[PDB]
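A quick write-up on the structure given underneath.
Please treat every number below as a calculation from the coordinates, not as lab data. Cβ: placed from backbone, ideal geometry, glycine included. Neighbour counts: every protein chain shown.
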Amino acid sequence: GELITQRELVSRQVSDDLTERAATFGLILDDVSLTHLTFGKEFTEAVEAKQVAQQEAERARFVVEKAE
Amino acid sequence: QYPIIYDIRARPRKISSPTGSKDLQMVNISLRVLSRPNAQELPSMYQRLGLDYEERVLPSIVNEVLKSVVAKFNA
């Protein structure tokens, strides 16, 4: 998750390390961009199911109105 | 002078990104980038950016942009 939240810091420190490593090979690195980032799907699926349970609670609330 | 007919007239682009947003919802965002080529600074374009400069340039910068800013933005 540090790669989602701290994308920019990872990109910058990667930039520093990559610039100092590329200096030994005669290539000046103008920009260093962290661009790809993906993770397990089932985590998002579980989060969505959690939201679904919350919305089911909301439905049960409207049914509580129904039920008075 | 090798020429190659460089098109300083505009050529557009479009790139997308699946981001893990703030709610960690998979946010697929598209983004149409209009990058154009220069005349009195044709160099960096033509050779080492290649005739295919825009292709070499835009894709993963757009990806970084969308993922950084959408991990920052909720659904």
Within region B:27-73, residues farther than 30 Å from B:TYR2 by Cα, of a type in the set (S, T, N, Q) and away from chain A (no Cβ under 12 Å) come out as B:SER30
Go through the residues of region B:53-61 one by one and say whether even a single one is of a type in the set (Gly, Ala, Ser) and exposed (fewer than 10 other Cβ atoms within 10 Å of the Cβ).
no
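Among A:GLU68, A:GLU48, A:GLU2, which is within 10 Å of chain B (Cβ to nearest Cβ) and farther than 24 Å from B:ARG48 by Cα? If you could, list the steps in order and put the result at the bottom.
Working: A:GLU68 fails: within 10 Å of chain B (Cβ to nearest Cβ); A:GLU2 fails: within 10 Å of chain B (Cβ to nearest Cβ).
It is A:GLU48.
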Unique match (being out of contact with any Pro (no Cβ under 6 Å at 6 or more places or on another chain) and either farther than 30 Å from A:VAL52 by Cα or more than 9 Å from chain A (Cβ to nearest Cβ) (or both)) among B:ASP7, B:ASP23:
B:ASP7
Any chance region A:19-32 includes a residue that's of a type outside the set (A, V, I, L, M) and either under 22 Å from B:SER17 (Cα atoms) or within 12 Å of chain B (Cβ to nearest Cβ) (or both)?
yes
From the set of residues in region A:34-57 that are among the polar types (S, T, N, Q) and under 16 Å from B:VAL70 (Cα atoms), which is nearest to the chain's Cα centre (by Cα)?
A:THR38
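Every residue in region A:19-33 that is under 23 Å from B:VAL69 (Cβ atoms) and surrounded by 13 or more Cβ atoms within 10 Å (Cβ to Cβ), please.
A:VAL32, A:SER33
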For region B:22-75 the number of residues that are of a type in the set (D, E, K, R) and not in a helix (DSSP H, G or I) is 8
Sort out which residues of region B:6-23 are aliphatic (A, V, I, L, M) and buried (at least 17 other Cβ atoms within 10 Å of the Cβ), and write them in order of number.
B:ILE15
